[PDB]
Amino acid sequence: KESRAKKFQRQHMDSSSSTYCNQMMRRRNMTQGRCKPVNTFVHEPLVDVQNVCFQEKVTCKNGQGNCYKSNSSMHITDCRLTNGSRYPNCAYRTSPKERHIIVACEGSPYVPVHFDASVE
């Protein structure tokens, strides 16, 4: 009753991750008052990301503040607003990647406070 092809779908396909940005940009309030054009989410334990503040210091994109690059590449997702989107209708392409992340850190305790960029 279950075809080989359907069973391959059931066992190895999950294209639904495509829905992730639309869901999360909204849930996390980056579509209040404006559609945030780009955003990156990091899928790692908080602690691991926090530790980056004590890894390789580098120059922030704009030359301002103190930035740090992850020793390891990390799982992230880039969300990009579609060209067609107009507030209050915010749709996003979801792009999973493995990349080193660059964060800006400050304060006491010294912790991440901006996502600067990612890198191959």
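Throughout, we count residues from 1 along the sequence that is shown.
Asks: Highest mean C-alpha temperature factor of the two stretches 55-63 and 36-44, which is it?
Replies: It is 55-63 that shows the higher mean C-alpha B-factor.
Asks: Quick check on the record: does 46-54 or 72-80 carry the larger mean Cα temperature factor?
Replies: Between 72-80 and 46-54, it is 72-80.
Asks: What third of its chain, lowest, middle or highest, does the C-alpha temperature factor of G107 fall into?
Replies: Top third by C-alpha B-factor.
Asks: Going by the CA temperature factor in the PDB record, which third of the chain does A117 belong to: lowest, middle or highest?
Replies: CA B-factor rank for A117: middle third.
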